[PDB]
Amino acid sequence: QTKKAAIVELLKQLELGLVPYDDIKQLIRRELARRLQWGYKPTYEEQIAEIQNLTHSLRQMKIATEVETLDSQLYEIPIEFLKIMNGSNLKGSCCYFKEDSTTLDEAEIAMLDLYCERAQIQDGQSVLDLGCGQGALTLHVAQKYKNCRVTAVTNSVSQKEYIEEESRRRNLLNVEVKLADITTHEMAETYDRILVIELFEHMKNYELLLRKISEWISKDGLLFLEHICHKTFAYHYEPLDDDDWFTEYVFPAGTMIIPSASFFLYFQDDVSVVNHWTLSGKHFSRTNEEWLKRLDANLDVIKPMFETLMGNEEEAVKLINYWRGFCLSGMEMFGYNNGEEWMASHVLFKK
């Protein structure tokens, strides 16, 4: 009764930044632990059954609902704010920290290099970057492979822009950006290597999506895929119950899906898995931590920025405290259990 009110009192305290970081982390692990209790099953038969029920149900849905409440709540973020929170490459995804001494910028370059290595991109190929974001991978591949023909795809208007100027500003011609919704977009072109970095989490019907992406692959071409995940169970990001405030704490309802590490192994109707890697949840946990440090370290420039974009300081506070919850959610979630619960997954496909 009143602990639903207690829940709607916690969220207000978080919106007003009244709750210390440690207390936030503590409350998060509680909901994380409750998630694991909900996810894990007593027998392995039930565990595999749960993965089957989810894979079968998604094949009845559309490629994606959520599609234009999409990135108005998210991804349509002003570029001037991302250059403060993110690294030099503006990578809005997981970064790779090999040593404790690894900076955010170094971590960004690490993942990008590992992408080219596991996707096996060579100097004379045509590359496709679905959900390119701010073009962290596009600009990186374009410069490192002068004879490549990278093509970035986005449904975001300001994401399509920053790439097109920063590509020309960096002396790059290989770069090409298209404005389209991958859910309903069709193209008669074909590429040697298709790169998808944390895009499927937003989709639903993976059979239809992979069927569409498969047709864009050149023969002897390869499809590389990264997606954050749990190592065992998968599930829609819908609240566990009355007390679950953490699920919809950052991402809007019905916009997220957390696959198991073996999830896309059950979607090989048009593609065939060649190689499969996982990656410690620490890498993303540290990534959000470095993002969090840059927010607090630059509140002097971020605050007036949010005041200008908003209309009042009140909602300028709710916004800065949202991006804190964003970083904090990523920190404690992927760093949970020594980063051996929620983590990243790399899959390499062929035609």
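Note that residue numbering begins at 1 and tracks the sequence as displayed.
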{"item": "Segment of higher mean CA temperature factor, 69-77 or 116-124", "value": "69-77"}
{"item": "Entry-level comparison of average CA B-factors, 55-63 and 308-316, reporting the higher stretch", "value": "308-316"}
{"item": "Residue selected from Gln37, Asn321, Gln47, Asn288 by maximal Cα B factor", "value": "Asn321"}
{"item": "Criterion, highest CA B-factor; candidates, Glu226, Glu165, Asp270, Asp220", "value": "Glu165"}
{"item": "For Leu279, the third of its chain into which the C-alpha B factor falls", "value": "lowest"}
{"item": "Chain third (lowest, middle, highest) by recorded CA B-factor, residue given as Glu106", "value": "middle"}
{"item": "Third of the chain's Cα B-factor distribution that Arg211 belongs to, per the entry", "value": "lowest"}
{"item": "Within-chain third of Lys83 by Cα B-factor, per the entry", "value": "highest"}
{"item": "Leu265, C-alpha B-factor rank within chain (lowest, middle or highest third)", "value": "lowest"}
